[PDB]
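> First, the structure itself, so that you have it in front of you.
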DNA sequence: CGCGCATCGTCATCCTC
DNA sequence: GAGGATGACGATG
DNA sequence: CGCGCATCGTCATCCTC
DNA sequence: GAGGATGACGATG
Ligand SMILES: COc1cc([C@@H]2c3cc4c(cc3[C@@H](O[C@@H]3O[C@@H]5CO[C@@H](C)O[C@H]5[C@H](O)[C@H]3O)[C@H]3COC(=O)[C@H]23)OCO4)cc(OC)c1O
Ligand SMILES: COc1cc([C@@H]2c3cc4c(cc3[C@@H](O[C@@H]3O[C@@H]5CO[C@@H](C)O[C@H]5[C@H](O)[C@H]3O)[C@H]3COC(=O)[C@H]23)OCO4)cc(OC)c1O
């Protein structure tokens, strides 16, 4: 009785023989954990140790079809390794002895990712074998997350709140050399030996008491308890907000040694952190509409200038190095590719430039090449969207004592209304279609005036399809068809979410031949597709055309598309989630949040210009004094020079003062009055400085004269000019994409008016 | 008759039916070529087009065992796709019609890599079916390498000599916008349409006339014609040297349209370039002993400072970006890993620092983690090995109008004698064992004195094994065994090339049990292996120990290792290959090449110090003149100031003069006399400058007084101090690697003296 | 260096007793 | 006792 | 994101009629 | 003619 199916399994010495109850099956996530286990178990033993590497997410068997259960080979092989039988109750001790193993130990990192794997495993086990949750069948192995060392003294920490309490309870901080442990590649064999030297500290079992815990086990895995999970997340968010406001430290686990672990606290304390993290990283906020990955990428791009092009794979490492990215490399490259996509039906305004094959509009749009095959370059719109002067507005986080990206940004327009926010998280989701960019400026101007803004319509770049709204939060999108002759027909325009391969396989194949129930509808079809436009030389029987007209062209060819927008939940500026009703309310909230910052920017600009103004004034006064002549330069000591500078009414460095009043808002400094070359002593330099000192005075007087209003329009004027330039470049690209072919012929076309089923 | 084995094959419409002679099978290297073909053939057609992607190198069937032929599944599937039969002659037209295809078109890039694939394919076909080389069975598809564009005017170029002739024949260079085409990811569908628009230009067939060409076909594929290939490479190298000396341009192919292609020119012109490139990139030179990949990595590392650590995957992109690396990413990361390995038996002096798991000495040393899992940091020895002042000695290449790495370097010691040169190329190879680093300094000192240097012995870091040389260019290496008791035995030291897993599987398993012919030799064994040391608690019958002693301990346990060093072929400073005889001759040649550069460095340093010396002298004179006072600073025009500076004997910028005399070796410049701040007018600055101007004079007088000799020893003194510091750090690491265990017990040990078989 | 299984939740079709 | 067969190998496809 | 086949040539074992 | 079943989906394992 031995396993020979997969070679990756570490067959134990007693796996299949005597002492089946003492056989231990270890599940290791990822693949580096397998190497760590092979390197570490060489000292402890090999008899009661069978290691199996894990791939990743586990298929949820609680809600799946019978065909779906037999799909993943690995899940099926788990039974072959263990020996489970669905139609047999494992209640008697002999039934437990029958199994090839007696205990299952799973090990994960201190991150929240392992919580999902543990929950999926508990679901897979309890869904068919609840009675096995009381016979010491499951246990857990843990790892450290951070270690401090000073003078050969090490301390173990397994929780971030534990580390925070250690910092709050110990004096002389920044003395213990700190070392983070984000992944498995950091640990070595010498550390694994110490890890396996103490089993009572890491090898911790579980405990089950009362059926009520099973309800919690079902809480995160029931499709009928969505509102219950919503209330659960709401209670947790309220508790966290109250604790942060009161400043009381939260609770954590693994403070001292533990033998068992209750399921109720296990669900209420560990998996909830993964749920909160997934929700924070999945859906963007309403202020800037940017996800944390896009935020890190854009911040790293802002860090440099990037005048020339740059590789994607090379940029991903630079982003991960400074943004503290700890989610592999594939996800970041995928996010960069999604930011790079700008074809029709995907986005309306990108932050990069299309260089290479970023996926066409024919086959899924995901047929792009390797990130190193393709190149990229920053766009010119980002400079106007995020002005650099806004760097002094938001407060950055402090991780690793490093200046990192902020929590959000302040754009000139809501990005959710221009690129769409499609986020799927726990408790809620977000799906907002695109709109027109030209109407946004008119709406903002009308709102600045104080009039009721007109209702908007979902628009797309390079899309001539009309959209009519019958019921609120519901939209119908149809394409355009051209009838050249009573026999020939051509589809002019396709609606959103229409891929060439999918539409072909789902429409042309059933219509071409006679299916099991439908006669062959079409007689001929051709696909002269260009890079962006489509062509359909399709022939049809004239008699069948009348029936198609009576039924409906959009109905027969399936050109109609219905969408509903109800999940208007976004992260507020504070951090809460509120289900919204209309777009205009979101625009008004953004307008108020933006109005709050005109005074802040004005206060930051006011006085800052005055600082350099006074500095130049003092420099000019020093030059005039030198022209008159009182300060002897004949090897005078610096002490007398500083004394004269103080006695003659010369202030210190204003830039130093503004820098000092930034963290929380010897003696005098006069380096700037002595770091000036002799070129200042020339006539031309003095003449140009005499007006350079007034060039700043003009702007200072204008700022003292101008109001906080009338600035948004002046800022938008340059943006509209740049947008017209970008549209001219797009028209030039269309001229480049012009082969020299003839224009589309005019033909009869109609749009069907679907009866309103009064849905919702 | 259809193919259903692999889904990757693009089944043609006529593949298996009528018109078998007209069926065309296309072989595409890599995987991007398959996407390019799918994107391009959509316009031309799909009936007579069957595309198959290629994996890479092809197994050589001309010299392989019968078992080896049936190993690669892809090679076997090639027959299933085509329909070849080994025991059937395809001479009659009906036999050609029987095959599923009539023509084979292969396409590769303009690089030399495709030449190897084409040669392997020609070998695979001709080895069993020569008669098929005369019936239009094979053809070729080509791609561009570079394109120029200006004012909507494009020109195609397929050869680097063609591009050189175009540059030499056309005026107004740097006007046509150039675009390189190194790989397949650069080309787009719009370019593929133009590529397939002209078949007569790219689709070129072949021609065979006379059996003599077959000899050339065998020349690059015969294991008995090694000397013939050596003469062939020698003739080509001599011809290239003569053509470069005479300045005559070489010959190239694809100048005009061609219908056929002779095999003789095909072998003598295209594959020879791949052979030369592989030979240039495989074996390092004798001057620095660094391969081009190591050279690019080290140059990129020199470009930056790298005070902190850095990732390997992140560094690889930065190396590829500046060094013009066009060989993927895996090879560069593998080269970095090889540079990072410093364990016993691999290297003696690395250029990096071990951070992470770089592979242990237990399982092949190739069990390291992902390049992003591990970190790296530059060592401190590189600063002394390659002084920055040597940057003005060698002339860098000019690729893409960019300053790139040089062709070689000038180290203080020959790297081949400290890290080994193991290169395998066409025509020759190189395998040089390691030696002792301490003896190199003594040998160099003795050579500088003028005495005959003592013979050296191959040494290794942390290796106590003795080596005795009986015959020249031959070495015997043995380990050490400890006999604790008449029954117990332990192996103290293992010889070079001894891996724990391999030695165990090849020695302990046959000795433990009774094999088909040998009784069980050992009775027990234990493996208490540490990170570096080994332990063997092995028991043996006392009676069998006497027989083992009579036969030989090194002989029975296979502890002896024999190696011969005969391939002493290295690239000379000129570029030629000369088979060397002894190491001392190599040391003398390196000593002469190094002596040639003392005068060059002295000439570069002489005058350069004088330039800043005169500059500081002029600055001090200007300060003294200002103390006396003649130059009025009252808004005087710059023209009068320049006139006074000229009339008072003040020279221009010497740094500008040295910069001008570097490429081939308004009016005056006085910016440095006016770019000085007022701090120079202070007493302390003047007092410190009065001695700073003489600090350079002291070194200048010392250089004028010192000789070109006595500099190498002074340079080596700091290097020996740093080497002692590095060895102290290694001893500190050994103290870190000290668990606290007891020392190895003293025991009887012996080294066998093998009889000399007088080999070679 | 291309190959491949899933998660959270929301919704458009869609088909049969 | 000697010649064909088996792997060691290091950059690249 | 780990999985896997080869090339150029040189040489150490190595084993059987 | 209505309710359970099937995929669309976007960041990560
Ligand atoms: C191999 O070893 C491990 C794999 C993984 C998974 C994974 C799992 C897979 C799988 C593929 C992958 C792969 O992701 C895939 O990338 C693809 C690239 O973008 C587009 C094309 O499509 C993506 C797939 O949607 C995604 O699934 C890995 C990337 O990083 C991960 O986290 C992924 O196909 C089969 O099951 C986790 C591990 O432990 C931490 C492992 O040890
Ligand atoms: C998948 O598609 C393609 C693959 C290739 C080969 C390749 C071929 C392989 C194969 C693996 C590989 C892989 O290299 C492997 O890296 C490994 C990593 O370092 C150590 C561990 O061991 C190396 C292998 O020795 C090497 O073989 C590719 C890396 O870049 C290449 O050039 C390699 O295993 C099976 O056959 C070329 C192509 O066309 C351009 C392709 O389209």
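Every residue number used here counts from 1 along the chain in the order it is shown.
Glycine residues also receive a Cβ, built from the backbone N, Cα and C atoms like all the rest.
As annotated by Swiss-Prot, SUMO2 cross-link applies to B:8, B:34, B:97, B:152, B:182, B:193, B:200, B:207, B:223, B:643, B:741, B:749 (among others). Here Swiss-Prot flags B:23-140 as domain 'Toprim', drawing on sequence analysis. Feature annotation from Swiss-Prot assigns phosphothreonine to B:750; the stated evidence is a large-scale study or a structure entry. Taken from Swiss-Prot, the feature region 'Interaction with DNA' covers B:558-567, and the record attributes it to experimental evidence. Residues or ranges marked as motif 'Nuclear export signal' in Swiss-Prot: B:586-596. Per Swiss-Prot, site 'Interaction with DNA' is recorded for B:57, B:60, B:229, B:230, B:291, B:325, B:331, B:499. Sequence annotations record features per position, and here Swiss-Prot assigns site 'Transition state stabilizer' to B:372. The site 'Important for DNA bending' annotation in Swiss-Prot covers B:424.
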> When secondary structure is assigned with DSSP, how many helix, strand and coil residues does the region 'Interaction with DNA' (B:558-567) contain?
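The counts are 0 helix, 4 strand, 6 coil.
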> Looking only at Cβ atoms, how many others are within 10 Å of the one on residue B:424 (site 'Important for DNA bending')?
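Around residue B:424 (site 'Important for DNA bending'), other Cβ atoms within 10 Å: 12.
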> Going through the recorded positions B:8, B:182, B:193, B:207, B:223, B:372 in order, which have a C-beta under 8 angstroms from some C-beta of chain A?
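So the ones by chain A are B:372.
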> Show which residues of the chain containing residue B:34 (SUMO2 cross-link), separated from it by at least 6 in sequence, have their CB under 8 Å from its CB.
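When sequence neighbours closer than 6 are ignored, residue B:34 (SUMO2 cross-link) has B:8, B:10, B:28, B:51, B:53 within Cβ distance under 8 Å.
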> Let me know how many other Cβ atoms fall within 10 Å of the Cβ of residue B:207 (SUMO2 cross-link).
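For residue B:207 (SUMO2 cross-link), the 10 Å Cβ neighbour count is 16.
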> Go through the chain and flag residues at least 6 beyond the ends of the motif 'Nuclear export signal' (B:586-596) whose CB is under 8 A from any CB in it; none is fine as an answer.
286-287, 410, 414, 416, 443-444, 447-448, 453, 568, 570, 573, 580, 712
> Quick one, of the recorded sites B:325, B:499, which Cβ has the fewest other Cβ within 10 Å?
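Lowest Cβ count within 10 Å among the recorded sites (B:325, B:499) is B:499.
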> Test of understanding: give the count of other CB atoms lying within 10 angstroms of the CB of residue B:372 (site 'Transition state stabilizer').
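Cβ-Cβ neighbours of residue B:372 (site 'Transition state stabilizer') within 10 Å number 18.
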> Which one is it: of the recorded positions B:97, B:193, B:291, which Cβ has the fewest other Cβ atoms within 10 Å in this structure?
B:97
> Between residue B:152 (SUMO2 cross-link) and residue B:207 (SUMO2 cross-link), how many Å separate their Cα atoms?
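About 37 Å separates the two Cα atoms.
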> With DSSP as the reference, give the number of residues of the motif 'Nuclear export signal' (B:586-596) in helix, strand and coil.
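Split by secondary structure, the motif 'Nuclear export signal' (B:586-596) comes out as 11 helix, 0 strand, 0 coil.
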> List only the single closest residue to residue B:182 (SUMO2 cross-link), chosen from the recorded positions B:97, B:223, B:331, B:643, B:749 by CA-CA distance.
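Checked the recorded positions B:97, B:223, B:331, B:643, B:749; minimum Cα distance to residue B:182 (SUMO2 cross-link) goes to B:331.
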> If you run the three-state DSSP split on residue B:200 (SUMO2 cross-link), which class comes out?
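Assignment for residue B:200 (SUMO2 cross-link) reads helix.
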> Near residue B:331 (site 'Interaction with DNA'), how many other Cβ atoms are within 10 Å of its Cβ?
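So the Cβ neighbour count for residue B:331 (site 'Interaction with DNA') comes to 12.
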> Per DSSP, what is the helix/strand/coil residue tally across the domain 'Toprim' (B:23-140)?
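Residue counts in helix, strand and coil order: 51 helix, 17 strand, 50 coil.
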> Give the sequence-ordered list of residues that share a chain with residue B:750 (phosphothreonine), lie 6 or more positions from it, and have CB atoms under 8 Å from its CB.
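Once residues fewer than 6 apart are set aside, residue B:750 (phosphothreonine) is near B:553.
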> Which whole-number value in Å describes the distance between the Cα atoms of residue B:207 (SUMO2 cross-link) and residue B:229 (site 'Interaction with DNA')?
24
> Which ones in the same chain are close to residue B:60 (site 'Interaction with DNA'), with CB under 8 Å and 6+ residues apart in sequence?
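Those within reach of residue B:60 (site 'Interaction with DNA'), by Cβ under 8 Å and sequence separation of 6 or more, are B:120, B:123, B:221.
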